[PDB]
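Report on one structure; see the data block that follows.
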There are 4 protein chains.
Amino acid sequence: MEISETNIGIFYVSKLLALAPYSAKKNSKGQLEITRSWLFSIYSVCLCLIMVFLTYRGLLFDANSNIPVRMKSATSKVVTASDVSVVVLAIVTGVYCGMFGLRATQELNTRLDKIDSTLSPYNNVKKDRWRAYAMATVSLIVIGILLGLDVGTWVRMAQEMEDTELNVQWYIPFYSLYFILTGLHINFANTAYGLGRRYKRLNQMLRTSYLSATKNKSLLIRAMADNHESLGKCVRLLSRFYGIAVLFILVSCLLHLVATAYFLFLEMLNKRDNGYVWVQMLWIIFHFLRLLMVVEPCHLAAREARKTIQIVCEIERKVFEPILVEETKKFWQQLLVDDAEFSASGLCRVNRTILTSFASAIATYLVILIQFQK
Amino acid sequence: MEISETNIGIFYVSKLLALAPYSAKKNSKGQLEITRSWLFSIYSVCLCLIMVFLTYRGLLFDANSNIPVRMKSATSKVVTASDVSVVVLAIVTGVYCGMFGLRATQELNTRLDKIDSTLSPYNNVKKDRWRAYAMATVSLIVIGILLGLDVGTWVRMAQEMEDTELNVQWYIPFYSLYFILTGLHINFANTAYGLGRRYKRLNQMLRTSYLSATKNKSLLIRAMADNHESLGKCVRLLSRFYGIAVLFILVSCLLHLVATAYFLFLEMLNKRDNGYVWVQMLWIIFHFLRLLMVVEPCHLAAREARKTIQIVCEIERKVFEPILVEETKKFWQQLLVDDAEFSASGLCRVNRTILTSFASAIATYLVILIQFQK
Amino acid sequence: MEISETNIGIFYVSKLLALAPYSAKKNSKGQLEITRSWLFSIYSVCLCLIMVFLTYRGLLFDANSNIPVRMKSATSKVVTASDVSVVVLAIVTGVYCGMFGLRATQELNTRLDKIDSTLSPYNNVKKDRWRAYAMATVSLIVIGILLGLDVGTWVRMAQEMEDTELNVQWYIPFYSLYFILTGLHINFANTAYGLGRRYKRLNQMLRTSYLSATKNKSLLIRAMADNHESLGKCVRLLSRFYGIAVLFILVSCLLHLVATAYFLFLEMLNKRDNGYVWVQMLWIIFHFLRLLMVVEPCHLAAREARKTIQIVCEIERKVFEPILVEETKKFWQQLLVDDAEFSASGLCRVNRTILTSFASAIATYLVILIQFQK
Amino acid sequence: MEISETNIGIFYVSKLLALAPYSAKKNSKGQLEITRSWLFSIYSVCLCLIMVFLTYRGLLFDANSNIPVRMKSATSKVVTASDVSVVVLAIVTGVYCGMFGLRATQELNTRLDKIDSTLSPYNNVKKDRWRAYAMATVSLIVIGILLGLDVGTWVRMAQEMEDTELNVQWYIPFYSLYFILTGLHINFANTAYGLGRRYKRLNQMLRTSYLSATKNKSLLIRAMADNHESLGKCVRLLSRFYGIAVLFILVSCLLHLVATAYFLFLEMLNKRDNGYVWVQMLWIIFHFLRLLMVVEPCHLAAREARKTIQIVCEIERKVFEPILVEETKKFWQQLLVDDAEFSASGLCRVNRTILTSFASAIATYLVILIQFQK
Ligand SMILES: OC[C@H]1O[C@](O)(CO)[C@@H](O)[C@@H]1O
Ligand SMILES: OC[C@H]1O[C@](O)(CO)[C@@H](O)[C@@H]1O
Ligand SMILES: OC[C@H]1O[C@](O)(CO)[C@@H](O)[C@@H]1O
Ligand SMILES: OC[C@H]1O[C@](O)(CO)[C@@H](O)[C@@H]1O
């Protein structure tokens, strides 16, 4: 995860949501330093364990309730349990990654500091801060009104048939855990989008400074080679930090994209109220947007990294000095060798192609289950 | 999309079908210039919106009609809605690509002009114009008689049980939108086939001029290197212009190849008239041909681009001059680096392998659905 | 397809089976010449058309017979029609490839002649002839007793309930077409195995002559580079000749591996005679062996082609002369560039990985269909 | 398989379990020599044949018993037969690989001896021996208590309804064969983990000795190039030795991960005793751990092999001598050329991506079968 004074609200939100128990303390030479927060580590572990235990306790309390609200069936129980358990797994993986990842975070931030140090000409900070804050605020607000609307529609259905108020607020830990899931998505989307933006700036350096004695050109070549190595290693560091968390996030998103669609189809077939149908449509849209927050930044970063050698050849021809050509040859050898694709801890490569495979899964399941219903 | 006086009827047809609101005006130095047509942009947006609203209005009017003609079932409604909605999505994506794509079209045509400028020896214009016009006319005619036959068979079935004339002409916007889909297929097939033909000419240059002082050979090497870069970038420009349109076209084609087959199987099982069965067989053949108009040109272009280094090695050995060998080394470095595969906006690579995967999908669905029917 | 005096019986059998209407006439300078046989081309087209029409006529005659023997059901009809039609498609594709492939065959044989010309030290002809003749004889004999056993078991079942003799010999064209399918498999297996054996000899040249003035070493380097180009181009020529025929062969083999397994499962569930069960087990084994006659030779050829640069590096280090090192550098550049994987006309790459995918299909279908039966 | 005095207990256990009929005899010059044990080869073949015949005899004896214990159904019979037969196939493949693999084992051990000879600085033997012995003991113990618990729960269920003691001990050969399967897993996990650890040491050599006259640096470069070749060839030797055994192990693991899950779901639906449910949960966990003993070591080895050129570039820049740079260029050419991914005899590449595909299979089957049950 990325820690910087460009956008420190994201780090504070992640720490609040028990996903980054860290401390951001400066020294005199700038260089924001990330240290382990022992007071916040125990807070994160306690909050994660308490929230998971609470949502599971509410889950089995609804299951054992006299009139169940959310899980009253042989199949509704299984699907609701799968949804809650996959959300719990995503939360636990995010907390585990944020806890035992201090060294990876420190190394990634140290590399990013040197990356930003030599990217001055197109280092526009205000726009980056505004974009990051807007993305975080929009994500938190959309999930806030989504959880509020979900509470409202479930309250409406429960009151349709202490009545049910405690039965429906038994899922408050579930929505609190959804909040932590949104925070984890915010963190990963910020880090990957920052890596992609730095790759864009790296591509821009060679695109404008060269395709427009002279040892400054050789210095720029060496600095950009170091920058491309640092970005390629930062992608690997991110894959070490949130690789399994992103895997479980993708699994949760696929499971939700299947289960919410199945619930919407069943509810439409039963010819019930329009509120639950609209809420499930909003949930499907939100799940699609959530999926377009992990595959999209990784795809952008990989595509921008791949677009460096294709411009490096241009300097390879548009050079005459015997030293700068050798330097560009080394850079070309790098880009022939380097590969900066995000990996979900080695199981899969996160990019837009997943969007196809997920569909190839969903269009399968939605073809099977529906045909079993009718 | 490609604009040239070699075949200007395709551009005029695309502009008529609300898919290319552009103006082709020359200057004195040849160089056909493509400008944004503000009068035609509003016409395109109005036609697209009106056509989509009209086909949807007819869709729900048939659904709410006293005796529905095309959608009278719980499953027929869903499948017909899926077909109409996927056609609508393809049309909307094509219009959106043709509207917000002026810069990409201008850059692609500017690059293609320089490509054709230095490909004189095998620049045969009359055959290219005849082939493009024949392909466009055949596509439009086949879809015309197909829509006419579909109107006829649906009229026959509707009259089998204002009677039904307004109910059956409620789908005239649907067939008008199918016409725009055919026009979009024509446009993409023309552009991709032109890129492939230029790749073939590029391969022919090095295949005949070298495998048969002398600085003309070095000049030809440099010109062909520039040509291969321009073609590789033109493939990327096309992937930027029609990348998502081709994705939605492939999705529509897969959905139709499944739905038309399911309808044919159901209709054969019900033992009804032979006209609808033959019309659906023709529709399946047309959908297969439509699929063999996006994967086929992209596959041809990629295969012809891949067949350049495999001939570049021949000059790499069949050269003696110290400068021409270095030039061929740079060209070889390009072809080792370059990749000219069309991408459907990053989700998938369009080639003949899709034909396999589509089958692996269809043979799945046609195995499931049929087993659910029997 | 490969024509040589090393094994001319395979070519004669292929010509007899309407799969190679060619003439093998020598000139004084050795160099067996393949010419188009106009007398045999019309024979091949007539035999193919007559056989296809005859098997289809018998198919619909059994379907319309008073007591059908092989197709008396709603599903048995469909599965039997699929089997017969896929066999017919394979036969038609093989005949079409053998007819409009004179130029490809001539070029492939011309390249193979030069390949064998400079592979003298390990050119062992008697073993190659014996292996090819044994493979062809074993394939023909196994299919002969398989068709005989199939005739016997179907006669037994038909007589269990002109009685049925004409109804059961209505499928004699089907088994005659199976004979042509076996001949096509023999042809492709001979050609691909010859390409693989020549790749093995090429790998052996560099493995023994170098890893054991001296311009003979440079001559050997140049000759082996030419040989590797000729083999890589011969693989492409074979992919042009039998690319679609191999695709339809793989489709037929997958369809048969599914259908025969489904029939065996159904017959075991019905608790009928053991003869049909054993015949279907033999048919499944034969279909598996048939599949291990297209993926196996292509996989062997690709694996042996890939094992050339991995030994080329050895000479790259074990050389001292400034000219031989440059020659080995060119050879290494080839093997870095070259790719000699057989392609089924671009849809898929034929290798052992298909064996996995086929299973991933079969284990799917055999899981679905069976669960639908019980 | 790896034979060394570092861990000789694994070899002795494998020989005892009829998976390595070899003899480890030293000569005076160290260099542990592996010879074929004719006394142990016949013992291995007899034990394998007797065990397979015994488990099959017990299988059909339970099937033909008056009151079947494990297979009393139309589907339970099929699933139990599939499990037992896939275990038998894995055992037979392991025995066949261990018998006809003397040359491959000898070559692999000879290469590994030279690998370990020049890896002295980080050659820590005590930790390697402790880790290997602990892994083997833990695997054997976990499978021992698992088979004991399985015997106990099956005895409990059988006594719930000579009573059944001989019927339940009719599966003692099945659990004895499971022991041999565990031994095969131990052998492959030891060999692949040793290859990965040697790759780690190779990566460490260049990571510490260079990234910290001088011909010792060139000597180290040459030695590490030879080491990387030897490791790449040792991976190929392992793929030759246990390639098909690992394929059948993966097939068995997938079949078990599906069948045990189906049994657990059915047993939970039937609302039976908790002991069988907990035993099946333990079996699922053990099968997952077994799967994380073939994909995990191969993935680690491939990932560590891929992390060599990415550090080789560092010496490529951090060198000044004209000879050491040329040596590093040759090493870079290797790592650009080399590929050290384990292959299951060419059908598939064993890595963590399989974990995804297996899930994509399981999540399919568990979606189908369950929907067929309800
Ligand atoms: O409660 C929120 C979660 O449960 C569902 O609403 C099920 O209807 C899912 O769509 C969503 O992920
Ligand atoms: O109306 C044309 C469209 O609707 C169908 O005819 C359904 O029968 C499809 O085959 C076709 O794509
Ligand atoms: O007639 C031979 C063909 O038909 C079947 O026997 C069906 O039982 C198939 O197994 C085989 O391919
Ligand atoms: O007997 C052990 C084997 O049989 C099962 O227990 C079936 O319940 C499997 O889980 C296991 O692989």
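A note on labels: chains of the structure tokens are A, B, ... as shown, every chain counts residues from 1, and ligands are counted from 1 in their shown order.
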I'd like the contact shell of residue 296 in chain D - 10 Å cut-off, only C-alpha atoms, skipping same-chain residues fewer than 4 positions apart - returned as an mmCIF file with N, CA, C and O atoms, in the first residue's frame.
data_model
loop_
_atom_site.group_PDB
_atom_site.id
_atom_site.type_symbol
_atom_site.label_atom_id
_atom_site.label_comp_id
_atom_site.auth_asym_id
_atom_site.auth_seq_id
_atom_site.Cartn_x
_atom_site.Cartn_y
_atom_site.Cartn_z
ATOM 1 N N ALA D 189 7.461 -34.608 -3.775
ATOM 2 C CA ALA D 189 7.629 -33.372 -3.030
ATOM 3 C C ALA D 189 9.062 -33.164 -2.568
ATOM 4 O O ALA D 189 9.535 -32.025 -2.582
ATOM 5 N N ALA D 192 11.163 -32.306 -6.012
ATOM 6 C CA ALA D 192 10.872 -30.979 -6.545
ATOM 7 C C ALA D 192 11.309 -29.885 -5.577
ATOM 8 O O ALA D 192 11.816 -28.838 -6.001
ATOM 9 N N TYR D 193 11.124 -30.106 -4.273
ATOM 10 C CA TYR D 193 11.560 -29.112 -3.299
ATOM 11 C C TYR D 193 13.077 -28.998 -3.255
ATOM 12 O O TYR D 193 13.604 -27.898 -3.065
ATOM 13 N N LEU D 289 -4.295 -30.454 0.883
ATOM 14 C CA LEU D 289 -2.871 -30.438 1.211
ATOM 15 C C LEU D 289 -2.060 -31.295 0.245
ATOM 16 O O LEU D 289 -0.932 -30.933 -0.107
ATOM 17 N N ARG D 290 -2.613 -32.432 -0.181
ATOM 18 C CA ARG D 290 -1.957 -33.277 -1.171
ATOM 19 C C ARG D 290 -1.793 -32.540 -2.492
ATOM 20 O O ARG D 290 -0.744 -32.635 -3.142
ATOM 21 N N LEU D 291 -2.827 -31.807 -2.909
ATOM 22 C CA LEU D 291 -2.712 -30.972 -4.099
ATOM 23 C C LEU D 291 -1.666 -29.883 -3.896
ATOM 24 O O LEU D 291 -0.921 -29.549 -4.825
ATOM 25 N N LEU D 292 -1.593 -29.323 -2.692
ATOM 26 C CA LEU D 292 -0.524 -28.388 -2.343
ATOM 27 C C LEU D 292 0.739 -29.130 -1.915
ATOM 28 O O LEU D 292 1.363 -28.828 -0.898
ATOM 29 N N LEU D 300 7.140 -23.115 -7.044
ATOM 30 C CA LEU D 300 8.286 -22.483 -6.398
ATOM 31 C C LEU D 300 9.535 -22.602 -7.261
ATOM 32 O O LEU D 300 10.282 -21.630 -7.425
ATOM 33 N N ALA D 301 9.769 -23.786 -7.835
ATOM 34 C CA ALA D 301 10.938 -23.981 -8.687
ATOM 35 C C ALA D 301 10.876 -23.094 -9.924
ATOM 36 O O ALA D 301 11.874 -22.464 -10.294
ATOM 37 N N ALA D 302 9.712 -23.026 -10.575
ATOM 38 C CA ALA D 302 9.580 -22.195 -11.768
ATOM 39 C C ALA D 302 9.744 -20.717 -11.437
ATOM 40 O O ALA D 302 10.405 -19.976 -12.175
ATOM 41 N N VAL D 350 2.642 -27.920 -14.549
ATOM 42 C CA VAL D 350 2.259 -27.977 -13.142
ATOM 43 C C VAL D 350 2.717 -26.691 -12.460
ATOM 44 O O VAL D 350 3.916 -26.414 -12.371
ATOM 45 N N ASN D 351 1.759 -25.906 -11.980
ATOM 46 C CA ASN D 351 2.028 -24.681 -11.235
ATOM 47 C C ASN D 351 0.773 -24.328 -10.443
ATOM 48 O O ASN D 351 -0.185 -25.106 -10.391
ATOM 49 N N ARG D 352 0.775 -23.146 -9.824
ATOM 50 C CA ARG D 352 -0.369 -22.732 -9.019
ATOM 51 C C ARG D 352 -1.597 -22.416 -9.863
ATOM 52 O O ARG D 352 -2.714 -22.432 -9.332
ATOM 53 N N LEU D 355 -4.396 -24.799 -9.593
ATOM 54 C CA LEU D 355 -5.303 -24.576 -8.471
ATOM 55 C C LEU D 355 -6.533 -23.790 -8.902
ATOM 56 O O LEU D 355 -7.644 -24.050 -8.427
#
Problem - Expected answer as a list in words: chain A residues within 10 Å of chain B, only C-alpha atoms - result: residues 269, 299, 300, 303, 309, 310, 313, 316, 317, 332, 335, 336, 351, 352, 353, 354, 355, 356, 357, 360, 363, 364, 367, 368, 371, 372 and 374 of chain A
Can you work out which residues are within 6 Å of ligand 3, considering only C-alpha atoms and all ligand atoms, and then hand them over as a compact mmCIF listing (two decimals) with N, CA, C and O atoms, in the first residue's frame?
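Generated output (selection11.txt):
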# COMPACT_ATOMS: atom_id res chain seq x y z
N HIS C 256 -17.05 -38.84 -31.15
CA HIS C 256 -17.12 -40.29 -30.96
C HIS C 256 -16.76 -40.69 -29.54
O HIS C 256 -17.41 -41.57 -28.97
N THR C 260 -19.80 -42.77 -27.99
CA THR C 260 -19.57 -44.17 -27.67
C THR C 260 -19.62 -44.41 -26.17
O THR C 260 -20.16 -45.42 -25.71
N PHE C 263 -23.30 -44.31 -25.20
CA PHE C 263 -23.94 -45.57 -25.59
C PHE C 263 -23.54 -46.70 -24.65
O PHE C 263 -24.37 -47.53 -24.29
N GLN C 280 -18.25 -51.82 -27.86
CA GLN C 280 -18.14 -50.39 -27.59
C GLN C 280 -16.89 -50.06 -26.79
O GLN C 280 -16.29 -48.99 -26.97
N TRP C 283 -14.32 -49.97 -29.37
CA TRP C 283 -14.47 -48.74 -30.14
C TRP C 283 -13.89 -47.54 -29.40
O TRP C 283 -13.27 -46.67 -30.00
Who sits within 10 Å of residue 228 in chain B, only C-alpha atoms, same chain under 6 positions skipped, as an mmCIF file with N, CA and C atoms, in the first residue's frame:
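That gives us result.cif:
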data_model
loop_
_atom_site.group_PDB
_atom_site.id
_atom_site.type_symbol
_atom_site.label_atom_id
_atom_site.label_comp_id
_atom_site.auth_asym_id
_atom_site.auth_seq_id
_atom_site.Cartn_x
_atom_site.Cartn_y
_atom_site.Cartn_z
ATOM 1 N N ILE B 115 1.186 4.864 -45.901
ATOM 2 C CA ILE B 115 1.379 3.444 -46.199
ATOM 3 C C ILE B 115 1.179 3.181 -47.686
ATOM 4 N N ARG B 198 -2.695 -4.480 -46.768
ATOM 5 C CA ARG B 198 -1.466 -3.701 -46.688
ATOM 6 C C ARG B 198 -0.336 -4.479 -46.023
ATOM 7 N N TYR B 199 -0.643 -5.301 -45.015
ATOM 8 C CA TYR B 199 0.377 -6.188 -44.458
ATOM 9 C C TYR B 199 0.871 -7.186 -45.501
ATOM 10 N N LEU B 202 3.222 -5.346 -47.724
ATOM 11 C CA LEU B 202 4.486 -5.160 -47.019
ATOM 12 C C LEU B 202 5.323 -6.432 -47.047
ATOM 13 N N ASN B 203 4.696 -7.579 -46.795
ATOM 14 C CA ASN B 203 5.393 -8.861 -46.857
ATOM 15 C C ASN B 203 5.907 -9.172 -48.240
ATOM 16 N N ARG B 222 14.385 0.962 -44.767
ATOM 17 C CA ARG B 222 13.871 1.980 -43.857
ATOM 18 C C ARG B 222 12.391 2.245 -44.110
ATOM 19 N N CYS B 234 -1.673 1.251 -36.725
ATOM 20 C CA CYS B 234 -3.013 1.302 -37.294
ATOM 21 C C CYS B 234 -3.895 0.202 -36.720
ATOM 22 N N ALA B 305 1.146 -10.377 -40.401
ATOM 23 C CA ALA B 305 2.143 -9.624 -39.649
ATOM 24 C C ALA B 305 3.199 -10.549 -39.059
ATOM 25 N N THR B 308 6.581 -11.804 -41.258
ATOM 26 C CA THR B 308 7.547 -10.823 -41.738
ATOM 27 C C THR B 308 8.965 -11.099 -41.252
ATOM 28 N N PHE B 331 15.386 -3.933 -38.124
ATOM 29 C CA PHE B 331 14.080 -4.436 -38.545
ATOM 30 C C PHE B 331 13.729 -5.728 -37.808
ATOM 31 N N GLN B 334 12.635 -4.946 -34.341
ATOM 32 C CA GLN B 334 11.218 -4.587 -34.397
ATOM 33 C C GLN B 334 10.329 -5.824 -34.394
ATOM 34 N N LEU B 335 10.492 -6.693 -35.395
ATOM 35 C CA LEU B 335 9.594 -7.841 -35.514
ATOM 36 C C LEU B 335 9.698 -8.788 -34.325
ATOM 37 N N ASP B 338 7.539 -6.226 -32.016
ATOM 38 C CA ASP B 338 6.201 -5.822 -32.420
ATOM 39 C C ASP B 338 5.186 -6.945 -32.213
ATOM 40 N N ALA B 340 1.018 -7.277 -33.534
ATOM 41 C CA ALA B 340 -0.058 -6.615 -34.264
ATOM 42 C C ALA B 340 -1.347 -7.426 -34.221
#
Problem - Within 9 Å of range 243-254 of chain A using only C-alpha atoms, minus same-chain residues under 5 positions, as number ranges by chain - result: A: 83, 86-87, 89-97, 181, 184-185, 188, 238, 259, 287-288, 290-291, 294, 342-348, 350, 358, 361-362
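Pairwise distance (CA of residue 114 in chain D, CA of residue 18 in chain D) equals 28.3 Å.
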Residue neighbourhood residue 176 in chain D, 9 Å, only C-alpha atoms, exclusion window fewer than 4 positions, as a PDB file with C-alpha atoms, in the first residue's frame:
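Contents of selection_1.pdb, freshly written:
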ATOM      1  CA  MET D  51      -2.043 -54.932  -3.608  1.00  0.00           C
ATOM      2  CA  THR D  55      -8.121 -54.030  -3.317  1.00  0.00           C
ATOM      3  CA  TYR D 171     -10.688 -52.357   2.285  1.00  0.00           C
ATOM      4  CA  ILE D 172      -7.385 -52.800   4.152  1.00  0.00           C
ATOM      5  CA  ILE D 180       1.870 -46.027  -1.214  1.00  0.00           C
ATOM      6  CA  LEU D 181       0.179 -42.948  -2.686  1.00  0.00           C
TER       7      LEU D 181
END
Handout entry: range 148-162 of chain B environment, 10 Å, only C-alpha atoms, sequence neighbours closer than 4 positions dropped, as a VMD selection string
Key = chain B and resid 67 to 70 142 to 144 166 to 169 171 to 172 175 273 to 280 282 to 283
Selected residues written out with N, CA, C and O atoms, as a short mmCIF file (atom, residue, chain, number, x, y, z; two decimals), in the first residue's frame:
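See selection.cif below for the written result:
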data_model
loop_
_atom_site.label_atom_id
_atom_site.label_comp_id
_atom_site.auth_asym_id
_atom_site.auth_seq_id
_atom_site.Cartn_x
_atom_site.Cartn_y
_atom_site.Cartn_z
N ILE B 67 -52.84 -10.59 -28.13
CA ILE B 67 -52.31 -11.84 -28.65
C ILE B 67 -50.88 -11.58 -29.12
O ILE B 67 -50.66 -11.13 -30.25
N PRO B 68 -49.88 -11.84 -28.28
CA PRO B 68 -48.49 -11.63 -28.69
C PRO B 68 -48.11 -12.53 -29.85
O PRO B 68 -48.58 -13.66 -29.97
N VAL B 69 -47.24 -12.01 -30.71
CA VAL B 69 -46.83 -12.74 -31.91
C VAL B 69 -45.47 -13.41 -31.73
O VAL B 69 -45.32 -14.61 -31.95
N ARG B 70 -44.46 -12.64 -31.31
CA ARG B 70 -43.10 -13.15 -31.19
C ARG B 70 -42.74 -13.59 -29.78
O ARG B 70 -41.92 -14.49 -29.62
N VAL B 142 -27.79 -9.76 -48.85
CA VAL B 142 -28.10 -10.96 -48.07
C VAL B 142 -28.92 -10.58 -46.84
O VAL B 142 -29.92 -11.24 -46.53
N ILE B 143 -28.54 -9.51 -46.15
CA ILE B 143 -29.34 -9.11 -45.00
C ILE B 143 -30.71 -8.58 -45.45
O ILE B 143 -31.70 -8.74 -44.73
N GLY B 144 -30.80 -7.99 -46.64
CA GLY B 144 -32.09 -7.50 -47.11
C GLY B 144 -33.08 -8.62 -47.36
O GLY B 144 -34.20 -8.60 -46.86
N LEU B 166 -50.14 -4.76 -37.56
CA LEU B 166 -49.41 -3.81 -36.74
C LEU B 166 -48.54 -4.52 -35.71
O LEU B 166 -47.46 -4.02 -35.36
N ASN B 167 -48.98 -5.67 -35.21
CA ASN B 167 -48.17 -6.43 -34.27
C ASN B 167 -46.89 -6.93 -34.92
O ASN B 167 -45.84 -7.00 -34.27
N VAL B 168 -46.95 -7.30 -36.20
CA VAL B 168 -45.77 -7.81 -36.89
C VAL B 168 -44.89 -6.69 -37.45
O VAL B 168 -43.67 -6.85 -37.52
N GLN B 169 -45.47 -5.55 -37.84
CA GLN B 169 -44.66 -4.41 -38.24
C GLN B 169 -44.19 -3.58 -37.05
O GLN B 169 -43.50 -2.58 -37.24
N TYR B 171 -41.98 -4.71 -35.31
CA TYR B 171 -40.58 -5.11 -35.31
C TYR B 171 -39.81 -4.54 -36.50
O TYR B 171 -38.65 -4.92 -36.71
N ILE B 172 -40.43 -3.66 -37.29
CA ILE B 172 -39.70 -2.97 -38.36
C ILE B 172 -38.50 -2.21 -37.80
O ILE B 172 -37.43 -2.25 -38.43
N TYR B 175 -35.60 -4.72 -37.45
CA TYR B 175 -34.90 -5.07 -38.69
C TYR B 175 -34.12 -3.88 -39.24
O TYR B 175 -33.05 -4.06 -39.83
N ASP B 273 -44.39 -25.84 -39.09
CA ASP B 273 -44.17 -25.64 -40.52
C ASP B 273 -42.68 -25.54 -40.85
O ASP B 273 -41.86 -25.14 -40.02
N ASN B 274 -42.35 -25.91 -42.09
CA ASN B 274 -40.97 -25.94 -42.55
C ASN B 274 -40.40 -24.56 -42.85
O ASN B 274 -39.17 -24.40 -42.89
N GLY B 275 -41.26 -23.56 -43.08
CA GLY B 275 -40.76 -22.23 -43.42
C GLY B 275 -39.95 -21.61 -42.31
O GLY B 275 -38.87 -21.06 -42.54
N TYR B 276 -40.45 -21.68 -41.07
CA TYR B 276 -39.73 -21.12 -39.94
C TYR B 276 -38.42 -21.87 -39.70
O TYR B 276 -37.40 -21.27 -39.35
N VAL B 277 -38.44 -23.19 -39.90
CA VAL B 277 -37.22 -23.99 -39.74
C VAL B 277 -36.17 -23.57 -40.76
O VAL B 277 -34.99 -23.39 -40.42
N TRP B 278 -36.57 -23.41 -42.02
CA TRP B 278 -35.61 -23.00 -43.05
C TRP B 278 -35.12 -21.58 -42.82
O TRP B 278 -33.94 -21.28 -43.04
N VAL B 279 -36.00 -20.69 -42.35
CA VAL B 279 -35.59 -19.32 -42.06
C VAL B 279 -34.57 -19.31 -40.92
O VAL B 279 -33.60 -18.55 -40.96
N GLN B 280 -34.78 -20.14 -39.90
CA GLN B 280 -33.83 -20.20 -38.80
C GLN B 280 -32.51 -20.84 -39.23
O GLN B 280 -31.44 -20.46 -38.73
N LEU B 282 -31.26 -20.46 -42.24
CA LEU B 282 -30.62 -19.35 -42.93
C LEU B 282 -30.06 -18.33 -41.94
O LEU B 282 -28.98 -17.77 -42.16
N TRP B 283 -30.78 -18.08 -40.85
CA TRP B 283 -30.30 -17.16 -39.83
C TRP B 283 -29.03 -17.68 -39.16
O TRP B 283 -28.11 -16.91 -38.87
#
Practice task
Identify, with DSSP run on backbone atoms, the residues in range 25-122 of chain B assigned to strand (DSSP E or B), and express the list as a ChimeraX atom specification.
Solution key: /B:25,33-36
Residue selection dump (C-alpha atoms) as a PDB file, in the first residue's frame:
ATOM      1  CA  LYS B  25     -13.173  16.825 -48.319  1.00  0.00           C
ATOM      2  CA  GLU B  33      -9.254  15.004 -45.307  1.00  0.00           C
ATOM      3  CA  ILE B  34     -11.829  13.710 -42.813  1.00  0.00           C
ATOM      4  CA  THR B  35     -13.592  16.421 -40.809  1.00  0.00           C
ATOM      5  CA  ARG B  36     -16.329  16.228 -38.201  1.00  0.00           C
TER       6      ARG B  36
END
Practice task
Provide the CA of residue 129 in chain C to CA of residue 7 in chain C distance in Å, to one decimal place.
Solution key: 5.2 Å
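Nearest-residue note for ligand 1: choosing from A:197, A:118, A:204, A:264, the minimum distance belongs to A:264, counting only C-alpha atoms and all ligand atoms.
Near range 132-141 of chain A, within 9 Å and counting only C-alpha atoms, sit residues 7, 9, 10, 127, 128, 129, 144, 145, 146, 179, 182, 183, 185, 186, 187 and 190 of chain A; same-chain residues fewer than 3 positions away were not included.
Listed by chain and then by rising number, the residues of range 27-72 of chain D that DSSP assigns to helix (DSSP H, G or I) from the backbone are residues 38, 39, 40, 41, 42, 43, 44, 45, 46, 47, 48, 49, 50, 51, 52, 53, 54, 55, 56, 57, 58, 59, 60, 61, 62 and 63 of chain D.
For the atom pair formed by CA of residue 206 in chain C and CA of residue 230 in chain D, the distance is 19.4 Å, given to one decimal.
Here the question is which of D:66, D:124, D:76, D:117 gets nearest to ligand 4 using only C-alpha atoms and all ligand atoms, and that residue is D:76.
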